[PDB]
């Protein structure tokens, strides 16, 4: 049904300080539900300390011209490249406008990271049950193409980059200040 992908392997020895810093843009995404066809842009600022991830998330619905802001918090797994977060909703000023709903969570796996690129996978859940998943290619630069290591990781799990939505070809609007000021 809304089952999350299997064979999502956490990167071995992810450099935490490097990955959990700055702002990441999704340059390419693949929603595993083929009927999910609203076009989006996304960026986020993940941070980690003492085995807990605290990240700020930014989505922009290109179809509707509406953005939404969330923050997520959760424990990093012992592998160091996978975490499950509970999330709330905040405004552009970072003030909570909707509390976290305990029944919802998401699990991020960092599959690969190389140079200025990364590949992540996100499984959304409700009551610990899968409700949908998506792969995202990340880059520090909105307009950049992914490192070959990222394509190799995609190919290991039988995905090809051409199937992904390219965000640079979308009319994205980003709130970069929300992310750059994260935890300042």
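Numbering follows the first chain given and starts at 1.
> Going by the B-factors listed in the PDB entry, is the mean over the C-alpha atoms higher for 54-62 or for 151-159?
Averaging CA B-factors over each stretch, the winner is 151-159.
> On mean Cα temperature factor in this entry, is 175-183 or 1-9 the higher one?
That would be 1-9.
> Report the option among 111, 97, 85, 114 whose CA atom has the maximum B-factor in the deposited record.
Spelled out: the listed residue with the top C-alpha B-factor is 97.
> Can you pull the Cα B-factors for 70, 35, 143, 125 from the entry and say which is highest?
Reading the PDB entry, the winner on C-alpha B-factor is 143.
> Grab the CA temperature factor for residue 129 from the record and place it in the lowest, middle or highest third of its chain.
Highest third - that is where residue 129 ends up once the chain's C-alpha B-factors are sorted.
> Looking at the temperature factor on the CA atom of residue 107, which third of the chain's modelled residues does it land in?
Residue 107: CA B-factor falls in the lowest third of its chain.
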